[PDB]
There are 4 protein chains.
Amino acid sequence: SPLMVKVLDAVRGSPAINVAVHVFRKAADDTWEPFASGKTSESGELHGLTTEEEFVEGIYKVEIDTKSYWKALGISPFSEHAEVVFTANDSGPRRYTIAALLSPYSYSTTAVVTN
Amino acid sequence: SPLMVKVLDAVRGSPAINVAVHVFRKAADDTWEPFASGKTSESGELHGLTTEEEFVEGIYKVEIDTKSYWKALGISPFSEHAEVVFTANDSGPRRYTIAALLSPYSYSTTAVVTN
Amino acid sequence: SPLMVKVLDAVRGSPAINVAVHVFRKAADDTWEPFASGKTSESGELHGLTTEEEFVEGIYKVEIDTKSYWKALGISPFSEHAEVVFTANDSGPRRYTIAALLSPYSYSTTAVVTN
Amino acid sequence: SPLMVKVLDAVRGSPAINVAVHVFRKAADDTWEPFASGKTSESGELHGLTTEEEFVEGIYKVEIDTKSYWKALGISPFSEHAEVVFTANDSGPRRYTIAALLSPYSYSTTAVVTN
């Protein structure tokens with residue numbers, strides 16, 4: 001899959017397991033159509049989201065549903081979800097990994113773009 | 001203002017000046033309604049966004065136009081906008097400071113919530 | 001003070017109060033010599049560490065006693081101390097603000113350097 | 001290896017390649033003795049640092065030499081190196097991965113502890 005999502009839990013120092021992830025692609029009407037989704041594995045990773053054929057250039061939104069994750073651990077978080085909006089570009093490297101580091105009130109989202 | 005946004009540049013170690021920030025509030029019909037907007041000052045902070053009277057309970061979206069900030073520095077970044085979605089004032093009125101740290105391929109969001 | 005340290009709690013979204021901070025300066029013989037120390041205030045900031053006259057060029061080590069902060073909250077964290085090692089005033093005198101964000105298994109260090 | 005180091009470059013959105021990493025263990029005299037070292041691979045990862053037999057409980061320091069990395073990319077950084085001081089504990093999970101996210105003026109170090 002040209003798009004992968006990896007999530008780490010900075011409170012427990014663990015992969016963030018069973019975190020729902022939703023990917024949307026922006027349509028011609030400037031609305032977000034569902035594109036792909038899943039839940040992170042025991043390794044905190046979500047594979048198989050899409051294929052090279054389906055992941056064409058465009059604007060994508062990745063929603064990592066962090067609020068539900070922290071609620072299940074018993075910690076009240078700040079945000080509804082971590083949101084990454086980005087443009088997929090064919091000229092750059094072929095694989096996009098969205099790496100999220102989560103704490104309840106602070107979090108980072110980084111794109112590692114490789115091939 | 002009960003809502004304050006601070007934007008910093010992690011490449012140069014400086015405040016991020018003149019960055020556009022748009023705040024939306026989810027309406028009854030689930031659409032994002034415009035709420036407030038402004039641009040960060042020389043300190044990287046955006047003050048005067050709203051007031052205690054206007055900033056009622058709700059789901060807010062803070063959109064930091066950030067790709068634009070980096071492109072102004074000659075950097076083609078990964079993400080279009082930093083986006084922070086949070087429920088505000090659900091336990092009663094609070095003061096929210098959202099600090100966004102900008103890197104070309106990465107964004108960090110931190111919220112300090114006080115009384 | 002040309003050197004300011006701010007400590008924030010990423011689990012609770014609050015300043016980190018009463019955190020011990022020790023600053024060292026590398027001596028001619030390569031040992032770390034004590035330079036200044038203090039404890040963060042209710043805002044999470046430690047002011048009054050040093051002066052323009054005392055903070056000369058050199059290699060400085062900022063040690064944030066942080067494992068101790070987390071252990072006081074009932075959290076057994078990964079790291080003993082947040083540690084920031086930097087050369088200061090090598091291009092001339094500057095003002096340094098170091099912001100440390102504390103999580104149990106993670107620490108983030110940000111420096112804002114101004115004139 | 002029970003200890004692994006992974007490093008990401010938030011300016012380029014890439015693994016941080018060829019980054020020198022030094023691990024020290026604290027001795028009875030409170031001095032840091034060299035323990036293991038290496039340089040990150042094309043994946044930004046450093047494998048084979050140690051073995052379960054050699055990595056006993058104690059206090060360890062991981063120095064990721066970030067200054068040299070940013071100098072080779074043409075960006076003046078804040079810090080001499082990212083430093084992680086931590087205590088290895090036999091009761092917890094067996095594998096420690098130190099995950100570093102680097103920008104020139106802001107960086108995070110997280111321990112992912114698994115088995």
Side-chain angles (χ1 to χ4, degrees), chain A residues 1-7 16 18-41 44-71 77-102 107-113, chain B residues 20-35 58-68 70 76-87 100 105-109, chain D residues 13:
Chain A
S1 177
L3 176 62
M4 196 266 277
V5 182
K6 183 172 173 54
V7 189
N18 204 240
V19 181
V21 178
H22 296 259
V23 188
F24 304 89
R25 189 172 180 277
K26 213 173 199 196
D29 25 286
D30 280 322
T31 71
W32 291 110
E33 58 163 340
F35 181 78
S37 53
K39 304 198 86 182
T40 55
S41 76
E45 299 187 342
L46 175 56
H47 295 277
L49 274 172
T50 189
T51 59
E52 280 175 336
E53 179 186 320
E54 299 148 17
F55 188 59
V56 299
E57 287 183 312
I59 298 179
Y60 292 85
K61 179 161 82 176
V62 182
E63 287 194 356
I64 300 166
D65 299 327
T66 57
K67 185 176 185 168
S68 299
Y69 176 77
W70 294 117
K71 279 165 63 175
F78 172 61
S79 65
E80 297 291 306
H81 51 251
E83 185 164 313
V84 184
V85 174
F86 72 98
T87 292
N89 188 315
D90 274 349
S91 69
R94 277 124 85 160
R95 190 174 189 184
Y96 290 75
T97 296
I98 302 291
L101 176 65
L102 312 181
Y107 53 99
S108 64
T109 52
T110 303
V112 190
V113 186
Chain B
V21 176
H22 295 251
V23 191
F24 307 88
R25 190 182 172 273
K26 215 139 191 162
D29 64 349
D30 290 342
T31 64
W32 287 112
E33 283 201 5
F35 182 79
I59 298 174
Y60 289 86
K61 167 150 83 174
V62 175
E63 185 164 83
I64 305 179
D65 296 331
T66 11
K67 193 277 241 75
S68 297
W70 282 128
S76 302
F78 172 66
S79 175
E80 309 291 293
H81 319 287
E83 316 271 12
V84 189
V85 185
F86 67 107
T87 298
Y105 283 74
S106 181
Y107 299 141
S108 170
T109 294

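Values below: all heavy atoms of this structure, side chains included; hydrogens, waters and symmetry mates excluded. Chain A is the first sequence line, chain B the second, and so forth, proteins listed ahead of strands; every chain is numbered from 1.
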Looking only at side-chain N and O atoms, does B:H81 offer a donor or acceptor that is under 3.5 Å from a partner on B:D65? yes

Take A:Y96 and A:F86, measure what ring pair (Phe, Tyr, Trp, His ring centres under 6.0 Å) needs, and give me the verdict at the end. CA-CA 10 Å; A:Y96 290 75; A:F86 72 98; 5.5 Å; yes

Look up atom CD in B:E63 and atom NE2 in B:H22, then write down how far apart they are to the nearest 0.5 Å. 7.0 Å

Main chain of A:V84, side chain of A:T109: is a donor-acceptor contact present, judged purely on distance under 3.5 Å? no

Hey, what do you get for NZ (A:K6) to CG (A:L101), rounding to the nearest 0.5 Å? 11.0 Å

Is the closest side-chain donor-acceptor distance between A:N89 and A:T87 under 3.5 Å? no

Heavy atoms of A:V21 and A:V5 approach each other most closely as CG1-CG2, 4.1 Å

For A:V85, does its backbone N or O pair with a side-chain atom of B:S79 as donor and acceptor, under 3.5 Å? yes

Can you find a heavy atom in the side chain of A:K61 that is under 4.5 Å from one in the side chain of A:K26? no

Do A:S108 and B:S108 pair up side chain to side chain, a donor and an acceptor below 3.5 Å, judged on atom types alone? no

Rounded at 0.5 Å granularity, tell me how far CG in B:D30 sits from CD1 in B:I59. 8.0 Å

Is atom CD of A:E33 surrounded by more than 12 heavy atoms (other residues, nucleotides or ligands) closer than 6.0 Å? yes

What closest approach, in Å, do A:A88 and A:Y60 show between heavy atoms, and which atom pair accounts for it? CB-CE1, 3.7 Å

So do the side chains of A:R25 and A:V56 get within less than 4.5 Å of each other, counting heavy atoms only? yes

If we check side chain to side chain contact (heavy atoms under 4.5 Å, CB included) with A:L49, which of these qualifies: A:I98, A:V62, A:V23? A:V23

Which residue in the set A:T51, A:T50, A:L46 passes side chain to side chain contact (heavy atoms under 4.5 Å, CB included) when paired with A:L3? A:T50

For residues B:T66 and B:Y107, determine if any side-chain heavy atom of one lies less than 4.5 Å from a side-chain heavy atom of the other. yes

Within the 4.5 Å heavy-atom criterion, are A:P2 and A:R94 side-chain neighbours or not? no

Of all heavy-atom pairs between A:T110 and B:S106, which one has the smallest distance, and what is that distance? OG1-OG, 2.7 Å

Parallel, tilted or perpendicular, judged at 30° and 60°: which one describes the rings of A:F35 and A:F55? tilted

Could you report the tightest heavy-atom contact between B:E83 and A:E83, atom names first, then the distance? CG-OE2, 3.4 Å

